[PDB]
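Next up: a single chain in structure tokens, the form deposited in one PDB entry.
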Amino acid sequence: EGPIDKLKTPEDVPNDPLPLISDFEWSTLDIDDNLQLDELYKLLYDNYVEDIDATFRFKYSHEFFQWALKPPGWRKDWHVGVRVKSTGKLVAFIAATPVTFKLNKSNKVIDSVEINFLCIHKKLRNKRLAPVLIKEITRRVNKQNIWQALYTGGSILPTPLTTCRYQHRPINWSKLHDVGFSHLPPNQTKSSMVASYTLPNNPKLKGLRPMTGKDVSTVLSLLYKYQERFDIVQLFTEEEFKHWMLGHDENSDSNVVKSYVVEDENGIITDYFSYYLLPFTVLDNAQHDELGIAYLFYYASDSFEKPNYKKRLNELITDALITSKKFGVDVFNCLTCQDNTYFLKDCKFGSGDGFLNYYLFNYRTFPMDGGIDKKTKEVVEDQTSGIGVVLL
């Protein structure tokens, strides 16, 4: 005779209404399961980032996902998907990947994460699902005692570190024209343009060779020395840098990241550069269905201290442009970050219509130079940008 439940008081009961029924459920993806990797691939292929005119869409491949989402220390529960209960169809996704960065001006090192691949099926937008995905990944990261994050995005977000502008260097101008990526300037002809962008078919620098596992430690020292010039920079353990520069070195030969080094007579490494391949799907075109694209990644030179710096940097990027032809690259991209403004003009990079904002979650710092004029958004030559990190 009496109550069946244990005593409680108003403090013991939740203060927020219970959640109502949902047609969706959380689903932790396991990308080592090919079928699940296929689902993720499909979701982004049909629903990911497009340019302002809906002409092109980013196309991340299977190999690219395995490289980007599986760096040493990666966590499966940080690959968050959302599924329709009735059919089990994947309709949303977001990911966190470990990263360590340093703010050189205050000499502060932060073990953080990078948030990327936020995507919701086109037919499920404007239902405010995004805020939930963001809060859930935040929950899962905070659970591992990490409270800061680094990510990029469009203008739609408050207080960015800075804003950088995309730059484009045509390799196969004709194809770019054919798909509407570039237009013909007035009083100019298709042949005059092709002739102005033409490059040799073999690299010019002596000592240039593909980077190998033996070069990691030396290339890292070179990058660290070079990186001091920027405000925010990425740090790596030797295995992390190996992963990012060479990929999961199975039989080697990563098809997504390409690394090169320049060693002199004495066998000393004086320069290096890297870039990753991330094509564009051409939405509506009856002659081409894909645009080959390379993005400048991390690079360094020991001549930053000498007066031939700008010249050497231009030669270095020129050889990078030349090597990309071997991989079907139609246009080579980069941002106005790092010391890129030092070579943009002479290597014939043109400004694009896209911008990229950088954000730090839960961490305030002084704003940085984005390589462009704060007012006119135009590129400012030979300007060291505060941004020294590149995201995928």
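C-alpha atoms forming the largest set that superposes within 1.5 Å between two forms make up the rigid core. In this text, residue numbers run from 1 along the sequence as written.
Just so you know, the form deposited in another entry exists too; it's not on screen, but the next bit is about it.
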After fitting the rigid core, is the C-alpha of residue 61 off by 2 Å or more between this form and the one not shown?
yes
Core fit, then residue 249 C-alpha moves 2 Å or more between this form and the one not shown:
yes
Align both forms on the core first, then report whether residue 285 has a C-alpha shift of 2 Å or more between this form and the one not shown.
yes
